[PDB]
Structure formats: structure tokens, C-alpha cells
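What follows is one structure encoded as C-alpha cells, with my remarks underneath.
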Amino acid sequence: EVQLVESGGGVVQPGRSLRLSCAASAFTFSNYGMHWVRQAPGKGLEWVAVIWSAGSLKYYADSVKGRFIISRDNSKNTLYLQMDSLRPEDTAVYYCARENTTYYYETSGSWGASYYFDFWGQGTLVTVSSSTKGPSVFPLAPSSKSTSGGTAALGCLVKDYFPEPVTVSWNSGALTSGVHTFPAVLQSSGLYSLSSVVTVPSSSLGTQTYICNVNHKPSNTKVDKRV
Amino acid sequence: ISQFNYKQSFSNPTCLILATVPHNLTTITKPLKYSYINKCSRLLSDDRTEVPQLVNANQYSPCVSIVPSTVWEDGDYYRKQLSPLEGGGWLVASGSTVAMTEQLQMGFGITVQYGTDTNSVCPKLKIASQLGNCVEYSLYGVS
Amino acid sequence: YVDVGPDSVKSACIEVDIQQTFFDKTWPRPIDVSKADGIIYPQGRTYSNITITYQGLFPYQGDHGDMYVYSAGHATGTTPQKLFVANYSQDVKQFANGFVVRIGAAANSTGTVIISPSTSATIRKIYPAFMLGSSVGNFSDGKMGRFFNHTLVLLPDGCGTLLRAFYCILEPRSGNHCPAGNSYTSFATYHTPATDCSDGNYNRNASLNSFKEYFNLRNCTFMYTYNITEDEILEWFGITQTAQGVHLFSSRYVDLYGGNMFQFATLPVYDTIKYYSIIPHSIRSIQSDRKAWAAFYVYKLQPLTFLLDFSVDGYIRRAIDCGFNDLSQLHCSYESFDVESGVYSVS
Amino acid sequence: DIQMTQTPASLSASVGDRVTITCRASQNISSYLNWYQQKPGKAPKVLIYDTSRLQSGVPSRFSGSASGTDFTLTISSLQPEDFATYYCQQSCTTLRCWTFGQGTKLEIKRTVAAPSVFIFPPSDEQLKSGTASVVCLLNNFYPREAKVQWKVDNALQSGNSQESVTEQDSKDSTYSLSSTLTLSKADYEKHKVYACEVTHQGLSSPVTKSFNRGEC
């Protein structure tokens, strides 16, 4: 029933202040404390900031002192987090969640669970980046039928794409056999690189032609890359 | 000083004594400087009206609590905003500081109350006992 | 200053649930001058059988007063976790001239349990807790009664076996259910019948710990503990403010049966107190442990001319309020409890 | 401060198997140690908090036991759905900061499978853009660990080669490795021969697959 929605998460230049807003639906934000957790890719979630329901006292992680500002408005039902001097390493997914203290009083071996950690925040990915570069897609064709031998793979490589969302399909999603998706990687340039490959029958090579279909969400471009 | 700081009770028999501690005695501790509240007033919510506050006999003023134990400087001004339950408005407190003398001088107040019939604060000392079957009895309440 | 003992080890306070409607009850509690219940006895003057009229702080006759009761927190049969208090935390009453409370009148009779109407248990006498402050301000969460500067907190200890009185500056703490902390609803004190109130074992620290979790104690001028006596009989407690010092009067210390007020303790507070709070205490108990609880009723003292009759014992058994009733004013005239029939002019 | 390390780090666990995941506790001063089960791409789900409770929707087979300074999570009747990354964080009333979680994802034990290697020549469009990006693909290798060495004209190449692992299939559990190369137009012509040398735990003999420019 409780819904948490986060807004204001977007690509930002380094050293530029950004505002993050968390909104609670059908939730008692006024009488519930809010805890913020940041997830770094390849690393576990770590708590960054806590805003009290009263809002008198706000606590921040040792790494960020004064960088993160947490404001809780009960009437708005929205909590505002301010991040400044953001850096590439700082890039992370930020989640707003509510944690309830677990207290047990053993008057006669009595324990109370006292747990309300349900409805964890979905979180927003914010990337610190600038100088965005338009995506380039290159279709890959095997040098010889003999080189493929027993197993043949048809694949395309997306290179130099700054925007986070890129959709990759083979034959407009007709070929779903042995599809492999490789996570985007950042080099010294910092431009994302995406590899998508589909397993294909060795016998159906050259005689059968496979066309790459790539969709870019910002440019609404549906590139066809044939072989 | 009497109106905004300490008022001795007129109805109760009272003695006001000013005494100076001997230099040889080290039990007393010197304060940073003598300090008194020059004036204490409460600003009304409108802020165009200020009501002077006079200390009740042997009762601390609301301004006294806001003022620190030793006033930082002569003519120091302290402003506090009262809560809505208190009617809000502002509290105006002015504190005046007198430089400490070479020999500490301390105001002493003696209050003697005979209102309760039975209590025994008596001087250091048969005649003083039950044998007296005839006249005066220097009892605590009266003789 | 004076040490308050160990500070609370729990950053997060116990969560509080408020059910004012359940606490509200209908009953008749009218003070009667003829009974002399709620009539103070003057320590200054002692008189023989002959009646005399004296002026003193007295509650007006026919005052129902303010009913205050404490209830056990919401609890599963196996575990008691929640704390139950009526919204007296946000209810602030001015300390104009002090107040007189009556306790144990409800006890010795069987009444419905406050938390559950269906459940009925014999009522148990309880001791009220009063925190008095010159200035009271709203908390950051917005709950009223977080005075902070308040310097006069009296709470029963060892399940009311003894009374603890101290004056300290309250310190806000950051924890779930704490006043400056997250999820703040109310501030309460919890006493457990199974362990804290078990026969032969009474823990003063457990009540102090509950107060410490909500507010840390700093700049503590003094610590006072009075063992007094505990019995299931009607008792009257009166707190008054005087220029020489704050004066505390308890009927139990001298005559529990008489109900007369005799000073038992002197508090060295010379600060004017403009506000007080009542019944912030709560009970932590399982559903079987819960029993009907006696309540504390506040009667405000006011300067009032009173006709007083003293018996051979010297305790006052008959009193008349000149202010209330034309006939009572006529009784004050002639210094006689009974007046011969006549036509008399009145104000 | 709180220092937390998970000694297993990664767990190789078959279906219907019993495994113990042990994470150290920095201090015994705080008794609150909690376990979180996290599904990749999803927020973490609480398993235990005070260690005296079992989360609703969590089976009895999952259990948390703390002995001395080490807390271990014991799992029985393991399933592919059950395998997930686990974070254990010390919770301290005195310390506002919350402990980070190292993460303990569980891989599934299976019969060893020989890798299949496919080589992709750089796209002509990529060469026109100015960058040469030869791609080396490894497929169907059961061990997660795989070794790929890039040699150009039989000379070791480093930095330019980058290895990426495909997301594990839910049922197939296929594992694939992709190599991305960054080369200039001058580097492309300079490197007449591009070769993939791959060493694998399953392989008993490392294999080399090489090509030159201009087969088509």
C-alpha cells in the first residue's frame, strides 16, 4: 500500500549541485523516520543520510560532511536531499527507505519483533557525467564460414554512447536463442560500451542474413545494422 | 537592583547585612565580576507595548533564567521568543556588570519566620527544663 | 551538580500509542466541605474544640476536578511492547497556586480495566507523577509539553513504594519515539508488575531509565527520595509554592484516615513555576497482568475564607466554604455551623 | 568505526545443498547484527534483525546464528531462486553510521563444460569511424573464472583488452566472456595479426585462435 517515488535523479556535471526528492504515497512520513542508502555498481548498499520524522537532528556518513542535506516536510509528504561537489566515484543509485527500531523487553522471556522495513524505496540512478556523445553501433561479421566451425555467433557492438538507456535486439527480437547481454563498461574515455550477441546455426550462415535492431530511448532512433 | 533582582519580604521580619570575606579565608570563590539585571521587561505580541516585570519577594524573575550566571558585559541585551502557549511575544533582559573589588563583598539576607507554630531554630545554650512551675517559658513560638 | 546515575543505553525510545477516548470515563467526584475531604490543615495554627474562621489556599466546594488515569500499553499475551498514555503530554495546566490530588478512593472497588472495557479487575491505587516548569514549549515533532527548561520533576519510584523528586534541565535525544527523535508521539514512564513490581523486589532505576530514554538530565541541582508509606487507603497530596521555598504536603505521612494536609518535605526552588503536567506514567504488562488502575484528580488551591471546626482530637472534621452558597456565607456569619432561622440580606 | 569482512565472499552451492556464510562482527558492544537478501536490480529484502525473528515469506531453512565474534547464515534445500547476494550490517545505537555489506552471491555447482570461442573481426563502419574493436567471445564454460590473453603479431597486448561477463541465465546458467579492444587507425594497420589466447580451468590445454586482415 505504501509507495515510494524518487525524482530529480539525472546526469549532472561534476561539482554541480543536484536536488533529489522522495515522495511517500499512503505512508505516515510525519511519524516515520527516513534512512537513505546508496548502491555503487559492483558494491553493496551503504547508508548515506538519515532524516528524523521530527527533523530536528539529521545525521550524514563520515565520507560526506555537509555535502548531503536532508529536509523532511510532513505537509508536502516529500523529503528533499541536496548533493553538492558530486564526483565520478560518487555516482550511485540512491534509495529512500523507512526503518523501525527492533526492541524486545524480556519481562518473562518476552521478545517483540518491532519490524517495519517493508516497501523498500525503488531508488534512482544518478550519473556524474558531461560532454555526452551520440551512440555508434557496429555490426560484426565472421571473417570465414570455416573459422566459425561448430558454433556460429552473430553480434553487434555499441560504442561511445553517453546516455544510460540503449535497447539491443536481433531481427527485432525474432532471435532469442542464446542471446548474451554484456554490462556497459567505462574506459579512460568514460563512454559506455555495450556488447549484444545471439547464437545462430552454423549451417544457416551467409544463406540466411540476420539484421541487428537497436533502439535509443532519447533519440527514438531504430537503427538497422545488417551483415 | 532590588526591583529586577532580589526583593526581601516586607511582611516577614528580615535583616539585610553587607559583609566582606577576609582575604585569609580561602573557602569563598571569587566570581568573574559582580553582575545585576539593570532592567527586565516582556514585549507584548504587537511589539509596540513592553510590560516591565518586577520580581516577587524571594522569587526568580523570568528574565533571570535567560540571563547567564555572570552577565558577559555591562548593558548586555538578551532577547527570547516565548512559545504560542505562553502567548509568544519577546522577552527583553538588560544586564549591568560591576568590576570585582579587591576584597569580595557579599550581600547577606537574614529571614526569620514565626508563621509555623512548631519549629526549632534556637541559639547555643533546671531553668531551661520542666522544673519551672511558675512563669516565663522562652519557647520558639513566643516567650 | 548531582549525578543522575547511568544514562539510558537505548538511543531509540519505546514507541507510544495514544488512546484518549479509552481513558475518558464518566464518574462523579465532587469535593464536600462538610466531609472536610480536600481541606488542608494549617501547620501555622493548632486549635481546640471551639470553631474558628481562617483564610488559606483551599479548593472551591463542588469542584469535580481533573480526572487523570494511567493504562497498560497495547501488548500481545506473550510480550508487552507498546506504551499507553492519554494526551496529557500535550495538555499543559498553569501552576497558578499549586494543586491537591486524591488517590486510592477508586481502590478497594471493582471497575472495568481502562484499556479494555470488557475486562474487569479490582482497582489498584496509583501515585501521580507531576513535572512543573516556568516555561513550556512545543517539541520539534510538534508535541506540546517538551518544556526542556522545566526544573521540578516528581515521579514515583519502585512502583510507587517511594517518591523521587529532582530539578534538572531536560535534554532532547535522537531515537525512534524520542521527542527530538524520529517517530515521536508522546513521552511516558513504564513500570512492569512481573519484575519491577514483583513482591520483595522494587526497581527505582527502571522508572528513572524510562524518563532518561525520552530526556537526558543535565545541570541537576538536587536529588530527593522519600520512602513514605504505601497502602490501599484514600490519601491526599498537596503541592504549594511559597516565597521561602516550594512546600510539599502529604496526608499519608501524618494521618492517612484523617485526610488532613501536613508538610512532609521542603523543596528549595525559588523560581516561579507557571506550568505543570500530570499522569505521564504508563504500565508495561501482559494482558493477564493488566488490572483496573486508580486515578489522580487535580483540585486547584485558591485563597478562600473558610469556617473550620476542630474536634477533641484537634483534626478538622467539619468545614464550610463562605464563597459558595448564600446559606454557607450566612453560616460563616455568627461563627456558627448552625444559624437560627431568619431573613438575612446577601450580596 | 565498524570493519566488516565476509570470509567466503562467493559461494559455490548446488541445488538441495547445505552451506554456511560467515561474516565477522567488528564489536560485541552492539548485539544488533542483521542479514539482508538482495536480488540484483532490486532493493534488499530483510531476513533477520535482532536474530530472534524470522521474516514473513522467508523459509525456516534460512537461519542466522552468531557464535563469538562471527555470525553465520545457514541455508538448506538451496534453490536457483534462493541464490542471491547477501549483506550483513552491524547496527549500533551509539554509532549513527550503518555498516556496508561486502556481498555474498551464490553460484550453482554443475558438471564442467568446455568453452566455445568465436572471433569477431572489427566492423568496416567502426574502421571508417577511426576505431578498431576486435571482439573475442567465450561461451558455455561452467567455471566463472576464465583467463583471456590478447596477442597482436605474437606480442602481449594489455589495457586495450577489456573482459565483460554476461548475466547468468536463470535456467540455462550459460556463462559468456566478451573482449573489447580499443585501437587507433594507425594501431589497426600496425597490428597485421590479431590473436585470442584463452586459458580455462576446464581446458587442459590453453588454445589460440588467430586471424589476419582481409579474409572476405
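Identifiers for the C-alpha cells are assigned positionally: chains receive A, B, ... in sequence, residues are indexed from 1 per chain, and ligands are indexed from 1 in the order shown.
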Q. When DSSP works through the backbone of this structure, what residues of stretch 82-331 of chain C end up as strand (DSSP E or B), shown as JSON, numbers by chain?
A. {"C": [83, 84, 85, 93, 99, 100, 101, 102, 103, 110, 111, 112, 120, 121, 122, 124, 130, 131, 132, 133, 153, 154, 155, 156, 157, 162, 163, 164, 165, 166, 167, 168, 169, 170, 171, 172, 189, 190, 191, 215, 216, 217, 218, 219, 220, 221, 222, 223, 224, 225, 226, 235, 236, 237, 238, 239, 240, 241, 246, 247, 248, 249, 250, 263, 264, 265, 266, 267, 271, 275, 276, 277, 278, 281, 282, 283, 293, 296, 297, 298, 299, 300, 302, 303, 304, 305, 306, 307, 308, 309, 310, 316, 317, 318, 319, 320, 321]}
For the residues in the current selection, export C-alpha atoms as a tab-separated table (two decimals), in the first residue's frame.
```
chain	number	residue	atom	x	y	z
C	83	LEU	CA	3.20	2.18	25.87
C	84	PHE	CA	-0.30	3.65	26.54
C	85	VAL	CA	-0.85	7.25	27.76
C	93	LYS	CA	-2.10	23.29	33.05
C	99	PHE	CA	-2.89	21.65	43.28
C	100	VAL	CA	-4.25	18.88	45.60
C	101	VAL	CA	-4.69	15.25	44.33
C	102	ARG	CA	-6.82	12.38	45.80
C	103	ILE	CA	-5.51	8.78	45.39
C	110	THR	CA	-14.04	-3.45	41.23
C	111	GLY	CA	-14.02	-1.47	37.94
C	112	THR	CA	-13.67	-2.13	34.17
C	120	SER	CA	-12.95	-6.10	34.74
C	121	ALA	CA	-10.45	-6.17	37.67
C	122	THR	CA	-10.37	-4.80	41.26
C	124	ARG	CA	-5.37	-0.73	42.29
C	130	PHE	CA	4.00	15.82	38.25
C	131	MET	CA	6.60	17.76	36.19
C	132	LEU	CA	6.49	21.56	36.75
C	133	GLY	CA	8.25	24.19	34.58
C	153	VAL	CA	10.04	16.75	38.12
C	154	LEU	CA	8.48	14.41	40.75
C	155	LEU	CA	7.96	10.72	39.78
C	156	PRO	CA	7.10	7.64	41.95
C	157	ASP	CA	9.91	5.01	42.11
C	162	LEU	CA	9.00	5.63	47.26
C	163	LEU	CA	8.78	9.14	45.68
C	164	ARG	CA	11.71	10.61	43.64
C	165	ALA	CA	11.94	14.43	43.24
C	166	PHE	CA	14.65	16.22	41.18
C	167	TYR	CA	15.11	19.52	39.27
C	168	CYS	CA	17.17	19.22	36.04
C	169	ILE	CA	17.25	20.73	32.51
C	170	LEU	CA	15.65	18.12	30.18
C	171	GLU	CA	17.86	17.22	27.16
C	172	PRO	CA	16.19	16.17	23.83
C	189	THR	CA	7.43	6.13	32.04
C	190	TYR	CA	6.98	2.30	32.19
C	191	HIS	CA	6.80	0.06	35.31
C	215	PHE	CA	15.01	13.12	28.22
C	216	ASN	CA	18.64	13.14	29.48
C	217	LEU	CA	19.11	15.05	32.79
C	218	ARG	CA	21.69	17.92	32.89
C	219	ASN	CA	22.51	20.75	35.38
C	220	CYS	CA	20.79	18.74	38.18
C	221	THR	CA	20.54	20.95	41.31
C	222	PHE	CA	19.49	18.18	43.78
C	223	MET	CA	18.18	14.58	44.24
C	224	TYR	CA	15.43	13.82	46.83
C	225	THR	CA	13.93	10.37	47.69
C	226	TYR	CA	11.12	9.86	50.26
C	235	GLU	CA	-4.63	9.70	50.56
C	236	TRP	CA	-4.29	13.43	49.69
C	237	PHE	CA	-1.12	15.05	48.25
C	238	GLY	CA	-0.83	18.87	48.03
C	239	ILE	CA	1.97	20.87	46.35
C	240	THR	CA	2.20	24.63	47.14
C	241	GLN	CA	4.67	27.39	46.12
C	246	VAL	CA	8.31	25.17	47.47
C	247	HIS	CA	6.32	23.22	50.13
C	248	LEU	CA	5.07	19.59	49.72
C	249	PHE	CA	2.19	18.30	51.94
C	250	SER	CA	1.15	14.60	52.26
C	263	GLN	CA	4.02	19.28	55.19
C	264	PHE	CA	6.38	16.26	54.84
C	265	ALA	CA	9.10	17.78	52.59
C	266	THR	CA	10.59	21.21	51.73
C	267	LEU	CA	11.88	21.86	48.16
C	271	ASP	CA	11.94	30.02	40.59
C	275	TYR	CA	3.00	25.33	34.20
C	276	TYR	CA	2.65	21.66	35.32
C	277	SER	CA	1.88	18.22	33.73
C	278	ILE	CA	0.03	15.23	35.30
C	281	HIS	CA	3.23	7.44	33.77
C	282	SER	CA	2.33	4.21	31.86
C	283	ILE	CA	2.21	0.47	32.81
C	293	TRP	CA	-5.97	1.38	37.84
C	296	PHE	CA	-5.32	11.08	40.42
C	297	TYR	CA	-7.67	14.12	40.46
C	298	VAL	CA	-6.34	17.73	40.43
C	299	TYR	CA	-8.07	20.38	42.62
C	300	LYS	CA	-6.70	23.95	42.25
C	302	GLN	CA	-7.19	29.41	45.76
C	303	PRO	CA	-7.17	32.00	48.62
C	304	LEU	CA	-10.56	31.33	50.32
C	305	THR	CA	-12.12	32.34	53.68
C	306	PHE	CA	-13.19	29.07	55.40
C	307	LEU	CA	-15.17	28.22	58.59
C	308	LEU	CA	-13.21	25.40	60.33
C	309	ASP	CA	-14.41	23.10	63.17
C	310	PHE	CA	-11.72	21.18	65.13
C	316	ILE	CA	-10.69	19.32	61.40
C	317	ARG	CA	-13.77	17.13	60.66
C	318	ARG	CA	-16.23	19.89	59.57
C	319	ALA	CA	-15.55	22.80	57.15
C	320	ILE	CA	-17.77	25.45	55.43
C	321	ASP	CA	-16.96	27.46	52.25
```
- Write out as a list in words every residue belonging to chain D that has an atom at most 7 Å from any atom of chain A, counting only C-alpha atoms. residues 43, 50, 53, 87, 96, 97, 98, 99, 100, 101, 102, 103, 118, 120, 121, 122, 123, 125, 126, 164, 165, 166, 167, 215 and 216 of chain D
Task: stretch 92-105 of chain B environment, 7 Å, only C-alpha atoms, sequence neighbours closer than 6 positions dropped, as a list in words - done: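 Here the answer would be residues 19, 20, 21, 23, 30, 33, 34, 35, 36, 37, 38, 39, 40, 41, 42, 43, 63, 71, 73, 74, 75, 76, 77, 78 and 79 of chain B.
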Can you work out which residues from chain D touch chain C at a cut-off of 10 Å (counting only C-alpha atoms) and hand them back as a PDB file with C-alpha atoms, in the first residue's frame?
```
ATOM      1  CA  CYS D  92      24.830   0.259  16.683  1.00  0.00           C
ATOM      2  CA  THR D  93      22.685   2.623  18.826  1.00  0.00           C
ATOM      3  CA  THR D  94      25.803   4.743  19.647  1.00  0.00           C
ATOM      4  CA  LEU D  95      27.059   4.890  16.010  1.00  0.00           C
ATOM      5  CA  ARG D  96      24.779   6.771  13.543  1.00  0.00           C
TER       6      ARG D  96
END
```
**Request:** Select from stretch 29-192 of chain D everything DSSP, run on the backbone, classes as helix (DSSP H, G or I), then give the selection as a ChimeraX atom specification.
**Result:** /D:124-129,185-190
Given the choices C:198, C:55, C:119, C:311, which gets closest to chain A if the distance is worked out from only C-alpha atoms?
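Between C:198, C:55, C:119, C:311, the residue approaching chain A most closely is C:198.
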Taking only C-alpha atoms into account and nothing else, which residues of chain A lie no more than 8 Å away from chain C? Please answer as number ranges by chain. A: 30-33, 51-57, 100-101, 103-108, 110-112
Take the residues that were just selected and, keeping C-alpha atoms, output them as a PDB file, in the first residue's frame.
```
ATOM      1  CA  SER A  30       5.234  12.603   9.523  1.00  0.00           C
ATOM      2  CA  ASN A  31       5.563   9.872  12.224  1.00  0.00           C
ATOM      3  CA  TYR A  32       8.187   7.684  10.434  1.00  0.00           C
ATOM      4  CA  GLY A  33      11.972   8.299  10.184  1.00  0.00           C
ATOM      5  CA  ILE A  51      16.261  12.367   8.353  1.00  0.00           C
ATOM      6  CA  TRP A  52      14.313  12.238  11.668  1.00  0.00           C
ATOM      7  CA  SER A  53      10.482  12.450  11.490  1.00  0.00           C
ATOM      8  CA  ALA A  54      10.825  15.442  13.876  1.00  0.00           C
ATOM      9  CA  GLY A  55      13.606  16.731  11.551  1.00  0.00           C
ATOM     10  CA  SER A  56      15.455  18.446  14.448  1.00  0.00           C
ATOM     11  CA  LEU A  57      18.556  16.217  14.006  1.00  0.00           C
ATOM     12  CA  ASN A 100      11.651   0.802  12.577  1.00  0.00           C
ATOM     13  CA  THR A 101      13.746   0.136  15.741  1.00  0.00           C
ATOM     14  CA  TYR A 103      13.071  -3.539  20.768  1.00  0.00           C
ATOM     15  CA  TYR A 104      12.434  -6.614  22.982  1.00  0.00           C
ATOM     16  CA  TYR A 105      11.679  -6.372  26.741  1.00  0.00           C
ATOM     17  CA  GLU A 106      12.198  -9.801  28.401  1.00  0.00           C
ATOM     18  CA  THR A 107       9.917  -9.410  31.467  1.00  0.00           C
ATOM     19  CA  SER A 108       9.195 -13.179  31.166  1.00  0.00           C
ATOM     20  CA  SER A 110       9.236 -11.944  26.045  1.00  0.00           C
ATOM     21  CA  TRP A 111      10.537 -10.677  22.652  1.00  0.00           C
ATOM     22  CA  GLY A 112       8.872  -8.174  20.260  1.00  0.00           C
TER      23      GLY A 112
END
```
- Item | Selection near residue D:73, 6 Å with only C-alpha atoms, sequence-local residues under 4 positions removed, as a ChimeraX atom specification | /D:20-21,63-64
- prompt: Near residue B:82, counting only C-alpha atoms, which residues have an atom at most 10 Å away, once you skip same-chain residues fewer than 3 positions from it, shown as a list in words?
  reply: residues 42, 43, 45, 79, 85, 86, 87, 88, 89, 90 and 91 of chain B; 135, 136 and 137 of chain C
| message | Applying 8 Å and only C-alpha atoms, which residues near residue D:8 remain after dropping the ones on its own chain fewer than 3 positions away? List them as a list in words. | response |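 Counting only C-alpha atoms, the residues come to residues 11, 21, 22 and 104 of chain D.
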Got time to write the residues from that selection, C-alpha atoms, as a PDB file, in the first residue's frame?
```
ATOM      1  CA  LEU D  11      29.768 -19.497  -2.524  1.00  0.00           C
ATOM      2  CA  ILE D  21      28.028 -17.962   5.075  1.00  0.00           C
ATOM      3  CA  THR D  22      30.144 -16.387   7.864  1.00  0.00           C
ATOM      4  CA  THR D 104      27.885 -12.966  -0.974  1.00  0.00           C
TER       5      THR D 104
END
```
When you get a sec, could you note down which chain B residues fall within 7 Å of chain C, using only C-alpha atoms, as a PDB file with N, CA and C atoms, in the first residue's frame?
```
ATOM      1  N   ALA B  57       8.625  38.641  45.939  1.00  0.00           N
ATOM      2  CA  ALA B  57       9.594  38.567  47.055  1.00  0.00           C
ATOM      3  C   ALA B  57      10.202  37.162  47.086  1.00  0.00           C
ATOM      4  N   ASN B  58      11.535  37.070  47.121  1.00  0.00           N
ATOM      5  CA  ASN B  58      12.240  35.758  47.176  1.00  0.00           C
ATOM      6  C   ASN B  58      11.806  34.872  45.998  1.00  0.00           C
ATOM      7  N   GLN B  59      11.554  35.462  44.825  1.00  0.00           N
ATOM      8  CA  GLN B  59      11.185  34.667  43.620  1.00  0.00           C
ATOM      9  C   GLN B  59      12.024  35.113  42.419  1.00  0.00           C
ATOM     10  N   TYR B  60      12.560  34.157  41.652  1.00  0.00           N
ATOM     11  CA  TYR B  60      13.405  34.484  40.473  1.00  0.00           C
ATOM     12  C   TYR B  60      12.558  35.085  39.349  1.00  0.00           C
ATOM     13  N   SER B  83       6.820  30.804  23.589  1.00  0.00           N
ATOM     14  CA  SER B  83       6.035  29.891  22.713  1.00  0.00           C
ATOM     15  C   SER B  83       4.578  30.361  22.613  1.00  0.00           C
ATOM     16  N   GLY B 115       5.736  31.985  61.412  1.00  0.00           N
ATOM     17  CA  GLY B 115       4.384  31.615  60.948  1.00  0.00           C
ATOM     18  C   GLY B 115       3.991  30.205  61.346  1.00  0.00           C
ATOM     19  N   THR B 116       4.901  29.234  61.210  1.00  0.00           N
ATOM     20  CA  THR B 116       4.601  27.852  61.670  1.00  0.00           C
ATOM     21  C   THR B 116       4.781  27.804  63.189  1.00  0.00           C
ATOM     22  N   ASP B 117       3.780  27.311  63.923  1.00  0.00           N
ATOM     23  CA  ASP B 117       3.879  27.335  65.406  1.00  0.00           C
ATOM     24  C   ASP B 117       5.027  26.440  65.886  1.00  0.00           C
TER      25      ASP B 117
END
```
Residue B:108 surroundings by only C-alpha atoms, 9 Å radius, close-in-sequence under 6 positions cut, as number ranges by chain | B: 15-19
Using C-alpha atoms, can you write the selected residues to a file as a PDB file, in the first residue's frame?
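File again_27.pdb, as written:
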```pdb
ATOM      1  CA  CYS B  15      17.642  41.745  58.344  1.00  0.00           C
ATOM      2  CA  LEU B  16      19.796  42.982  55.408  1.00  0.00           C
ATOM      3  CA  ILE B  17      23.565  42.723  56.145  1.00  0.00           C
ATOM      4  CA  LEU B  18      26.515  43.625  53.856  1.00  0.00           C
ATOM      5  CA  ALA B  19      29.766  41.833  54.843  1.00  0.00           C
TER       6      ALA B  19
END
```
>> Between atom CA of residue B:70 and atom CA of residue B:29, what distance in Å does the model show, to one decimal?
In response: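 Interatomic distance, atom CA of residue B:70 to atom CA of residue B:29: 13.8 Å.
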Exercise. Work out how far apart atom CA of residue C:256 and atom CA of residue C:230 are and give it in Å to one decimal.
Key: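 Pair atom CA of residue C:256 / atom CA of residue C:230 returns 10.3 Å.
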